[PDB]
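Just below is one structure, and these are the notes that go with it.
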Amino acid sequence: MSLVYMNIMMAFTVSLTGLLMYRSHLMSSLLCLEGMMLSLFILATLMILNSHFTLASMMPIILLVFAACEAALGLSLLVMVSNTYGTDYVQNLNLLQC
Amino acid sequence: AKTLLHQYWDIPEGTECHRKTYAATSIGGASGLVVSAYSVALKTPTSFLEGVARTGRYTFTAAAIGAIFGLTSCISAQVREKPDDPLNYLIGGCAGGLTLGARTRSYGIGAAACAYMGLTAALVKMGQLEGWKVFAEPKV
Amino acid sequence: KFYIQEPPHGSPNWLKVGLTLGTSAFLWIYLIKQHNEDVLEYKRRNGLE
Amino acid sequence: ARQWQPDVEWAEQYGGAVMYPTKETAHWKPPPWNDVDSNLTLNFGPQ
Amino acid sequence: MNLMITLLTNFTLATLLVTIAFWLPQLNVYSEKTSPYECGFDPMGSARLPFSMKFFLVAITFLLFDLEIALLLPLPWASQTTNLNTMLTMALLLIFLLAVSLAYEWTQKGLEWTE
Amino acid sequence: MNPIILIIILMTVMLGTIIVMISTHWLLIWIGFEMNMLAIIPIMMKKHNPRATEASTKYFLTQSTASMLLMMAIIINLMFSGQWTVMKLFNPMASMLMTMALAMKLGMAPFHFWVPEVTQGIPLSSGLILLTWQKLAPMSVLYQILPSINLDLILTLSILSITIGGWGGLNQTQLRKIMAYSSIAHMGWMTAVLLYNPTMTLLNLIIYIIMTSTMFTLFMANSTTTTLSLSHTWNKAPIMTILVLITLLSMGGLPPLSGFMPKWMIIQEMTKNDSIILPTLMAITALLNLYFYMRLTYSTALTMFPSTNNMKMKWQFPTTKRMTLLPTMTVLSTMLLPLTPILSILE
Amino acid sequence: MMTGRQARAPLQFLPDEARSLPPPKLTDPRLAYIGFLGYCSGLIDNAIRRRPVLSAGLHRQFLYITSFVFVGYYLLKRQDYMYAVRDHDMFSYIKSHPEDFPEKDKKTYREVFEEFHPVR
Amino acid sequence: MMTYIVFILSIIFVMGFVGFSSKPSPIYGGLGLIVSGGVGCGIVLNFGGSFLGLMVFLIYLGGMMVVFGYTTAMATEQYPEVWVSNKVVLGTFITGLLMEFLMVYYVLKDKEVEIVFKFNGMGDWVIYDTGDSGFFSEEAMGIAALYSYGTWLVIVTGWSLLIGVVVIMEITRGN
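Chains as they are written, first to last, in the numbering used here: chain A, 1 to 98; chain B, 1 to 140; chain C, 1 to 49; chain D, 1 to 47; chain E, 1 to 115; chain F, 1 to 347; chain G, 1 to 120; chain H, 1 to 175.
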């Protein structure tokens with residue numbers, strides 16, 4: 001295909017390996033998730049802008065929009081842990097094993 | 001891993017020994033790496049050294065399993081001079097079962113493994129002979 | 001007067017059973033009418049009268 | 001004489017956290033029955 | 001290209017002032033001028049303790065209202081469209097959805113503060 | 001929970017499922033999936049417990065990873081194909097990423113590491129809503145893209161799902177983990193036949209939904225979440241023991257019950273393609289599932305466990321709970337065998 | 001696999017061709033079995049709510065029987081419509097392609113060779 | 001090495017992504033992703049996407065200003081690590097930078113790498129158009145027909161954002 005496509009998809013899988021290997025913090029994983037979505041948005045916008053698809057130009061930003069509509073939910077899924085545990089370490093999140 | 005099995009089956013059986021033995025050893029090594037990676041994934045090793053010790057243990061055990069299985073099949077098919085007979089693969093399956101019992105330090109496990117992967121090796125051999133398909137393509 | 005209180009199901013709610021009877025009658029009448037419409041439309045569609 | 005019925009030993013055999021207690025699942029307590037499980041000191045100083 | 005030149009010139013002028021402010025005068029430091037400032041006394045603990053912040057929902061709903069802004073922002077070019085009725089009806093609909101979210105926040109006690 | 005807000009939440013999750021059902025666009029598919037996520041999330045947090053928060057965090061993280069993989073598959077398909085129609089895909093790697101996304105969303109093994117904790121940490125009605133309503137939209141997406149599905153990948157995932165579900169269900173005392181591993185086994189049985197005849201997949205999905213909803217309704221009626229309380233149900237009512245026995249016999253796979261109806265015909269659509277050893281292996285793991293089902297039936301109905309003295313108070317009050325269509329779903333889960341050819345309505 | 005037939009015109013329970021088929025009679029054994037299913041469902045409601053099983057709520061039993069018979073009749077209509085569509089597409093394709101499906105000359109037993117294995 | 005401006009911006013994108021993918025601390029991860037988003041917005045502006053680049057800029061600034069407020073509110077440790085205060089953070093950062101330079105050296109040498117798909121070493125400007133779109137920009141009418149052509153999409157987006165508001169209100173109630 002090209003070169004910047006390779007760079008963007010490699011950034012996506014780099015951020016995927018960042019998310020799929022935790023480092024004892026939930027919000028850092030949320031940041032990696034938003035990075036994966038950044039790579040997705042950048043790839044989609046570049047693909048459209050190369051292919052002159054005008055009417056599909058709504059799809060990137062709306063994609064972006066919906067990501068925030070879940071990302072805040074992840075933040076809303078953080079303080080509740082902070083309302084039960086003192087911190088937000090994932091190794092403390094092992095109550096569901098019995 | 002689609003080429004290891006085919007390279008195992010690309011050589012006529014019971015004709016040459018070391019290449020078939022090393023092909024089976026490589027298949028066993030790939031399986032051992034897969035199972036050891038899963039074992040260190042779901043179960044946390046206490047240290048890096050103990051984790052790589054477990055990985056090497058599973059790799060060595062599965063490599064010995066594959067090497068002895070391929071070897072025993074090779075000398076069995078050479079001695080009986082019967083390439084199209086699954087009894088050689090049953091004998092190799094019991095050889096692998098004795099290997100598993102030796103590396104795991106058990107005897108009843110060795111006999112059960114004899115029976116179980118001897119039957120598995122026989123099923124593989126008549127699957128090759130009769131052309132059975134594990135994953136049949138859709139026809140109707 | 002056996003029970004100390006009045007149970008909710010100790011009295012026949014006539015509206016509920018009337019609605020159930022009306023719904024059952026409507027379903028049966030619609031079923032026979034649909035069956036008749038189907039059978040004479042079948043005899044019309046093939047001329048097997 | 002009559003039909004055998006389960007005693008407290010059978011029922012407490014079925015009462016474990018897991019069906020077959022292994023070497024790892026020894027501290028696994030059963031879940032609860034009802035499914036229910038530093039303010040900042042600031043000095044307004046003189047300056 | 002000119003935007004890049006302006007950015008580089010602005011960054012060069014910014015980072016030249018701190019370098020002038022740092023390596024020109026004479027430095028003389030002890031282990032009290034570098035101490036944290038707590039109005040003349042020692043700090044009680046560290047500032048890395050978790051703040052019991054009370055407007056978490058206000059920050060999240062600021063994010064959500066900014067995405068409402070992102071939906072409402074390409075409206076001027078939609079003024080040049082042909083199908084004006086659908087444009088006006090749905091711009092009013094989206095503004096009404098924003099107002100519905102704000103009114104639900106108002107009624108269900110969200111714009112106030114915790115504790 | 002507010003009843004109006006709860007009704008709005010339920011209308012949102014059903015609207016998201018309907019949007020996934022009816023859309024001919026990949027972006028609208030993902031929008032419906034996101035709405036499904038965002039509406040099912042507060043259903044699990046109806047009780048405000050730490051277990052619910054842990055389950056919600058695990059579910060949200062896994063489904064977010066699945067959603068991002070789905071978006072990358074969609075973008076790859078767009079870039080190699082130039083359109084957005086929901087049909088066969090034009091790249092094997094996009095097919096890989098979408099298959100992993102749908103396997104993560106469904107809970108199929110080896111991505112089964114989130115279903116039992118999520119089912120355990122949430123109440124029974126939320127577990128019903130999860131294990132029934134989340135298995136409709138990914139099945140529709142897999143129904144749409146079955147030309148592009150790799151055969152070896154889906155068959156390996158299916159056999160791994162059935163084996164892992166049986167081996168998981170052999171060693172769980174909690175009812176909800178039993179339900180989760182049984183759901184994994186039914187998922188593997190249902191998705192093994194997808195490439196040969198998707199009507200069999202739809203039929204097995206319908207029967208599994210009916211039986212699982214029947215069992216969760218019986219658990220809600222008895223208000224029991226443990227094996228010992230389920231055994232203690234014999235003193236409260238004998239009819240509940242009769243229905244739990246006949247239903248858990250139905251999900252085992254015994255004739256002439258309805259649970260023998262799908263699985264047997266799965267073989268009827270796999271011997272036509274000359275696949276012989278795979279239905280035999282899946283029948284053996286179905287026997288394993290029947291084994292842990294038989295242990296559970298021995299616990300609840302066929303042997304009456306000792307009870308306590310408090311239950312006499314419960315003898316003075318009838319069950320005032322609302323059993324939603326319980327006899328109809330029990331009858332459909334038990335005696336649907338003589339109406340076997342009715343699956344032809346699903347064509 | 002009939003989706004192509006349900007491709008041009010969707011979400012139709014009974015299309016226009018379904019009216020040209022003979023509808024199932026009310027004395028069909030399948031309809032009687034579904035009515036028995038509804039009667040059993042009514043008995044289960046009389047059982048599980050601690051009511052008398054054979055006399056309590058005749059309106060509920062009649063409603064169950066009627067609803068079961070209604071949905072069973074419509075599902076059986078859809079079933080026989082789909083099976084007729086299957087056989088009609090079958091015969092249409094077997095008229096359409098005679099080159100890929102030839103005829104067979106059924107030989108007599110006076111000349112076809114068979115191997116006899118003795119049992120002893 | 002002039003017309004590789006898109007390549008250079010993409011390399012800074014991958015560098016920042018490797019930098020914040022180590023997950024050292026939410027503030028420093030936000031800084032690394034913000035550098036990455038800045039050069040990604042630069043990519044989109046260099047491809048003519050003024051509105052999309054500025055929109056992703058503004059959205060990311062708002063979202064991780066909120067993330068900054070949250071990590072300074074609750075998710076904080078006593079001694080946050082920058083990049084070198086812990087061993088595995090620096091290890092995976094150096095590892096990711098080494099693989100980044102690995103395919104940099106792979107793509108500037110043979111001009112055709114094969115990672116899943118095949119990739120070329122020329123800049124993307126070769127695919128950009130030679131025609132002129134008159135007195136207008138096409139993406140502007142894309143986001144303008146967002147309101148006229150885009151009926152179902154805008155309806156479901158607004159309903160999903162309203163549902164997000166009501167869900168986020170319902171989650172952090174406690175009772």
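All C-beta atoms, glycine included, are put in the ideal place defined by N, C-alpha and C.
Among the options, the one whose alpha carbon lies nearest that of residue i
i: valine 166 of chain H; options: E:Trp113, E:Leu97 and E:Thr114; result: E:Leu97
i: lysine 47 of chain F; options: F:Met14, F:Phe292, F:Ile40 and F:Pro123; result: F:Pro123
i: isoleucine 61 of chain A; options: A:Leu40, A:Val79 and A:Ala72; result: A:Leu40
i: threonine 157 of chain H; options: E:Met90, E:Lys54, E:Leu17 and E:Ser35; result: E:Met90
i: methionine 36 of chain A; options: F:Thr241, F:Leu70, F:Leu28 and F:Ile18; result: F:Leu70
i: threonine 214 of chain F; options: F:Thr163, F:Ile246 and F:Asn2; result: F:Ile246
i: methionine 64 of chain H; options: A:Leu95, A:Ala72, A:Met10 and A:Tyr5; result: A:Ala72
i: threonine 212 of chain F; options: F:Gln120, F:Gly259 and F:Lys314; result: F:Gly259
i: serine 148 of chain F; options: F:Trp167, F:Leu89, F:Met11 and F:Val141; result: F:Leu89
i: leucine 31 of chain C; options: G:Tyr109, G:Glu99 and G:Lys25; result: G:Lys25
i: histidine 25 of chain F; options: H:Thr95, H:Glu170, H:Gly150 and H:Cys41; result: H:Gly150
i: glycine 14 of chain B; options: B:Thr120, B:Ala95 and B:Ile75; result: B:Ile75
i: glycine 107 of chain F; options: F:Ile75, F:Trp234, F:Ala66 and F:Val141; result: F:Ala66
Residue span of the alpha helix (DSSP H) that contains residue i, given as start and end
i: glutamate 105 of chain E; result: 84-107
i: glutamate 117 of chain F; result: 115-120
i: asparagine 7 of chain A; result: 4-20
i: residue 373 of chain F; result: Summary: the structure shown does not reach residue 373 of chain F, with chain F confined to residues 1 through 347, and so no result is reported for it.
i: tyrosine 64 of chain G; result: 58-96
i: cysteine 114 of chain B; result: 108-130
i: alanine 52 of chain F; result: 50-81
i: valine 20 of chain F; result: 3-22
i: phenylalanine 51 of chain H; result: 50-73
i: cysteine 39 of chain E; result: Where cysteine 39 of chain E is concerned, there is no enclosing alpha helix (DSSP H), given that its DSSP letter is neither H nor E.
Residue environment, residue i, which counts as buried when at least 16 other CB atoms sit within 10 Å
i: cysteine 32 of chain A; result: buried
i: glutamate 137 of chain B; result: exposed
i: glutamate 34 of chain F; result: buried
i: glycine 4 of chain G; result: exposed
i: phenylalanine 305 of chain F; result: buried
i: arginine 176 of chain F; result: buried
i: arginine 51 of chain F; result: buried
i: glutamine 47 of chain D; result: exposed
i: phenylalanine 17 of chain H; result: buried
i: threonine 57 of chain F; result: buried
i: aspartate 45 of chain G; result: buried
i: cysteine 69 of chain A; result: buried
Other residues of its chain near residue i: CB distance less than 7 Å, five sequence neighbours each side excluded
i: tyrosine 85 of chain A; result: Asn92
i: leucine 19 of chain A; result: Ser29, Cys32, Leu33 and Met36
Sequence-distant residues of its chain with Cβ nearer than 6 Å to residue i (five each side left out)
i: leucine 332 of chain F; result: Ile210
i: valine 39 of chain H; result: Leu9, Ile12 and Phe13
Where the beta strand (DSSP E) containing residue i begins and where it ends
i: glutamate 50 of chain B; result: Taken as a continuous stretch (DSSP letters only), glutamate 50 of chain B belongs to no beta strand (DSSP E), being part of the alpha helix (DSSP H) at 48-80.
i: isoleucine 115 of chain H; result: 112-115
Contact list for residue i against chain K, beta-carbon separation under 7 Å
i: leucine 228 of chain F; result: Absent from the structure is chain K; the protein chains it does hold are A, B, C, D, E, F, G and H.
Contact set for residue i: own chain, Cβ-Cβ below 8 Å, skip 5 residues either direction
i: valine 81 of chain A; result: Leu26, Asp88 and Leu93
| Any 3 or more C-beta pairs closer than 8 Å across the region 14-29 of chain H and the region 69-89 of chain H | yes
| said: Count Cβ pairs between the region 110-126 of chain F and the region 167-181 of chain F that sit closer than 8 Å; are there 3 or more? | reply: yes
| said: I'd like to know if the region 132-144 of chain H and the region 60-78 of chain E are in contact, where contact means that at least 3 CB-CB pairs between them fall below 8 Å. | reply: Counting Cβ pairs under 8 Å, three or more are found: they touch.
| Hey, is the region 2-19 of chain F in contact with the region 117-136 of chain H, meaning 3+ C-beta pairs nearer than 8 Å? | no
| said: Whether or not the region 282-291 of chain F and the region 7-19 of chain C are in contact is what I'm after, with contact meaning three or more pairs of Cβ atoms, one per stretch, closer than 8 Å; do they touch? | reply: The answer is no - the region 282-291 of chain F does not touch the region 7-19 of chain C, with fewer than three Cβ pairs under 8 Å.
| request: Report yes or no: do three or more beta-carbon pairs, one from the region 267-282 of chain F and one from the region 1-20 of chain G, lie closer than 8 Å? | output: Verdict: no, contact absent.
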